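S.K.:
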Amino acid sequence: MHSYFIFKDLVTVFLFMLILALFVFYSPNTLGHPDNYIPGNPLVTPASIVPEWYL
Amino acid sequence: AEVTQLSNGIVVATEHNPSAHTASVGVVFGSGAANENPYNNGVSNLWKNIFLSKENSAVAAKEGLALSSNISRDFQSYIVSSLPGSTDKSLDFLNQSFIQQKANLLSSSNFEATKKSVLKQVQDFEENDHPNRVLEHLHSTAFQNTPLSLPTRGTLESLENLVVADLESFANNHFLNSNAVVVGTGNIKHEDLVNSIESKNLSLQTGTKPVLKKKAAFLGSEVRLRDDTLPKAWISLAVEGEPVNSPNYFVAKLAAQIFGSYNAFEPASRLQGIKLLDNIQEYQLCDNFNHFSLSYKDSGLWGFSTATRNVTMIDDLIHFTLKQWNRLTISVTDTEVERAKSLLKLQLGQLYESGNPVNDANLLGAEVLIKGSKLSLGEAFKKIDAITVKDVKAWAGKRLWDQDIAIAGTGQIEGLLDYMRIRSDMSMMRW
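Chains as they are written, first to last, in full-length UniProt numbering: chain C, 221 to 275; chain V, 27 to 457.
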């Protein structure tokens, strides 16, 4: 594992850190729903109760 | 004391040792198994077995002679040892059966019989001689595609395609006048040998040997001929050492003598002054190893050849001996280099001075063919005792710290890891 696959993993770790740094720094809220920033009021229903995208 | 005199043609080199009995006169050429193509390779070993054939050896032993020959990686030799009164007889035999006509040697009888014999003994060397064949595979993977990569015995795939035309062309191309030294050792004086050389006109050819285009350049590589039906795991690795007539030659032999040889079964060899034997004797990591230092005409190797029955802890053995190699560059002390100086003086005095007058003849021929005049043993001992610890530290920084190594192995060497861990082992992060 040591001198080869650690460096293969390092290549894809830096690629994932690049994509994650892009999605964190330049467009953070393009993954979440734009209704979690309204404070939770149990009298108003937001007309579609979609969860986060992977569920 | 070992005089050398150049005639109009040949050069004669002798050492009169008047205590030994059997005087020995032969001729040594300076083009061994690194002066041929990969397609006519194995013609030097074939020449050795032409000269040592049954008919030639019978018409030598009827006179009271005894033939011996040796093929190495830069010189080939043809020695006729004999009684001390019988030396002009031996020189006349070497004239009449090697220098002039060789038609009684190169028959359709002698050549076919000796080619069958050479093919048999070469395939037996390939099948059932494991440390020498991985040393030759280390030579074939270190200097690959440059003409120091040829096996000195030849191989069967380049030996079944040889007829007498290739042997005659090799005789015309490398058995020259500017390629030979006529050696003498035993109790011949120098004037007797050179007078018997001057009486009968003894000269081979006139021209020069062909220079060849590729220099022997080291290439750090790896080969593994794994045979998982063998009991042991022979594996040899080596770096580019010093060539002969290089100033760091005795420093390379001394650094090889620091780690020396070892054999796990003799009780007087498990108690040596090597630091490695306190690492490789808790789980019996190896059964024997020896640190050679070969030096050919163009380049040379430097490394160890081991054999292992503990086929799962091969990487621990390689790891411990390469850490001990890095100890030469960082932290080699003075008591180990004094121990190695005394042991190297012992080893060179054993090698240069034995009762055998054929090893003495081959050594004199090789070092007169390369340098021009063989140095003494007192001056060699002075060159040994003039070595410091900063000199071997500078040589270890030049040739052992993070250099490229060449590895050859056989047997069950799956427990050996890949290359880049062994190459990353040649230089550590300072502990």
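Yeah, the Cβ is synthetic: ideal placement off N, Cα and C, and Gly gets one too.
Since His42/V sits in a beta bridge, which residues does DSSP pair it with?
M.R.: Sequence index remark: in the second sequence, residue 42/V carries index 16 (1-based). In the DSSP output, where bridge partners are listed per residue, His42/V has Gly212/V.
S.K.: Given that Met446/V touches chain C, what residues does it touch there, using C-beta distances under 8 Å?
M.R.: Position 420 of the second sequence, counted from the first residue, corresponds to residue 446/V. Simply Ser223, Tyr224.
S.K.: List the endpoints of the continuous beta strand (DSSP E) containing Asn316/V.
M.R.: Looking up residue 316/V in the second sequence gives position 290. Run containing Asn316/V: 314-318, per the beta strand (DSSP E) assignment.
S.K.: Going by other Cβ atoms of all chains shown within 10 Å of its Cβ, with 16 needed for buried, is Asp386/V buried or exposed?
M.R.: Within the second sequence, numbered from 1, the residue matching residue 386/V stands at position 360. It is buried - the Cβ of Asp386/V has at least 16 other Cβ atoms within 10 Å.
S.K.: Looking at chain C, which residues of the stretch 426-452 of chain V have a Cβ within less than 7 Å of any of its Cβ atoms?
M.R.: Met446, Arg447, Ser450
S.K.: Kindly identify the DSSP beta-bridge partner or partners of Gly52/V.
M.R.: Residue mapping note: residue 52/V aligns to position 26 of the second sequence, counting from 1. DSSP output for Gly52/V lists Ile105/V, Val209/V as bridge partner(s).
S.K.: At what residues does the alpha helix (DSSP H) containing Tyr275/V begin and finish?
M.R.: If you number the second sequence from 1, residue 275/V lands on position 249. Here the alpha helix (DSSP H) through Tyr275/V covers 275-285.
S.K.: By DSSP's criteria, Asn289/V is part of a beta bridge. Which residues make up the other side?
M.R.: Counted from its first residue, the second sequence places residue 289/V at position 263. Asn314/V, per the DSSP bridge assignment.
S.K.: Looking only at its chain, what residues have a beta carbon closer than 8 Å to the beta carbon of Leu242/C, apart from the 5 residues adjacent to it on each side?
M.R.: Taking the first sequence and counting its residues from 1, one reaches residue 242/C at position 22. Cβ neighbours of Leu242/C beyond the five flanking positions: none.
S.K.: Could you tell me which residues DSSP pairs with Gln31/V in its beta bridges?
M.R.: The residue given as residue 31/V occupies position 5 in the second sequence. Per DSSP, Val38/V.
S.K.: Where do the ends of the alpha helix (DSSP H) carrying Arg447/V lie?
M.R.: The count along the second sequence starts at 1 and reaches residue 447/V at position 421. Counting along the chain, the alpha helix (DSSP H) containing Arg447/V begins and ends at 445-449.
S.K.: Tell me whether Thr140/V is buried or exposed, calling it buried when 16 or more other Cβ atoms sit within 10 Å of its Cβ.
M.R.: Locating residue 140/V in the second sequence gives position 114, counting from the first residue. It counts as buried.
S.K.: Just the Cα atoms here: how many angstroms apart are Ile239/C and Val231/C?
M.R.: Looking up residue 239/C in the first sequence gives position 19. Looking up residue 231/C in the first sequence gives position 11. Approximately 13 Å between the Cα atoms of the pair.
S.K.: Once DSSP output is grouped into helix, strand and coil, what is the label at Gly375/V?
M.R.: Looking up residue 375/V in the second sequence gives position 349. Residue state, collapsed to three classes: helix.
S.K.: Under DSSP, the alpha helix (DSSP H) around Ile396/V begins and ends at which residues?
M.R.: For the purposes of this step, residue 396/V is taken as residue 370 along the second sequence, with counting starting at 1. Residues 385-396.
S.K.: Measuring only the C-alpha atoms, how far is residue 528/V from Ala59/V?
M.R.: The requested residue 528/V does not occur in the structure, where chain V is confined to residues 27 to 457.
S.K.: Note down the Cα distance separating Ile214/V from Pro110/V, rounded to an integer number of angstroms.
M.R.: Taking the first residue of the second sequence as 1, we reach residue 214/V at position 188. Taking the first residue of the second sequence as 1, we reach residue 110/V at position 84. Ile214/V and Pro110/V: Cα-Cα distance of roughly 7 Å.
S.K.: Taking the C-alpha atoms as reference points, what is the distance between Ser166/V and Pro157/V?
M.R.: What you label residue 166/V is simply residue 140 of the second sequence in a count that begins at 1. What you label residue 157/V is simply residue 131 of the second sequence in a count that begins at 1. Each residue's Cα considered, the two are about 14 Å apart.
S.K.: Starting from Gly404/V, follow its DSSP beta bridges and name the residues at the other end.
M.R.: Start at 1 with the first residue of the second sequence, and residue 404/V comes out as number 378. DSSP output for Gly404/V lists no bridge partner at all.
S.K.: Go through its chain and collect everything with a Cβ distance to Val249/V's Cβ below 6 Å, but skip five positions before and after it.
M.R.: Position 223 of the second sequence, counted from the start, is the residue given in the question as residue 249/V. Excluding sequence neighbours, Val249/V sits near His163, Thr167, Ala434.
S.K.: Between the Cα of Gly246/V and those of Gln170/V, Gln376/V, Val53/V, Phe124/V, spot the shortest distance and give me the residue it belongs to.
M.R.: Reading the second sequence from its first residue, position 220 is the one you call residue 246/V. Closest option to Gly246/V, Cα to Cα, is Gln170/V.
S.K.: Please list the terminal residues of the continuous alpha helix (DSSP H) segment that includes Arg179/V.
M.R.: By 1-based counting over the second sequence, the position of residue 179/V is 153. From DSSP, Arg179/V is part of no alpha helix (DSSP H); its letter is neither H nor E.
S.K.: At what residue ranges does the stretch 142-204 of chain V contain a whole run of the beta strand (DSSP E), taking only runs of 3 or more?
M.R.: The stretch 142-204 of chain V contains no whole beta strand (DSSP E) run of 3 or more residues.
S.K.: So is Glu62/V buried or exposed if we call it buried at 16+ other beta carbons inside 10 Å?
M.R.: Reading the second sequence from its first residue, position 36 is the one you call residue 62/V. Buried.
S.K.: Assuming the contact rule is C-beta atoms closer than 8 Å, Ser79/V and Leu120/V should be a hit. Round their C-beta distance to whole Å, please.
M.R.: In the second sequence, residue 79/V corresponds to position 53, counting from 1. In the second sequence, residue 120/V corresponds to position 94, counting from 1. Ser79/V to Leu120/V, Cβ: 15 Å. No contact.
S.K.: Taking a contact to mean a Cβ-Cβ separation below 8 Å, would you say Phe101/V touches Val54/V in this structure?
M.R.: Within the second sequence, residue 101/V is the residue found at index 75, counting from 1. Within the second sequence, residue 54/V is the residue found at index 28, counting from 1. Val54/V is positioned such that its CB atom lies closer than 8 Å to that of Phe101/V.
S.K.: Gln438/V: which of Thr232/V, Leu320/V, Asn82/V, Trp260/V sits nearest, CA to CA?
M.R.: One-based indexing of the second sequence puts residue 438/V at position 412. With distances taken between Cα atoms, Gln438/V lies closest to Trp260/V.
S.K.: DSSP three-state call for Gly252/C: helix, strand or coil?
M.R.: By one-based count along the first sequence, residue 252/C stands at place 32. Reduced to three states, the DSSP call for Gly252/C is coil.
S.K.: According to DSSP, what are the bridge partners of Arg252/V?
M.R.: Locating residue 252/V in the second sequence gives position 226, counting from the first residue. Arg252/V pairs with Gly437/V.
S.K.: With distances taken Cα to Cα, identify the nearest neighbour of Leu320/V among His47/V, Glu183/V, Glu268/V.
M.R.: Taking the second sequence and counting its residues from 1, one reaches residue 320/V at position 294. Taking only the C-alpha atoms, the option nearest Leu320/V is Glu268/V.
S.K.: Looking at C-alpha atoms only, which residue of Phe318/V, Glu292/V, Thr332/V, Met339/V is the closest neighbour of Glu308/V?
M.R.: By one-based count along the second sequence, residue 308/V stands at place 282. The residue with the shortest Cα to Cα distance from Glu308/V is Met339/V.
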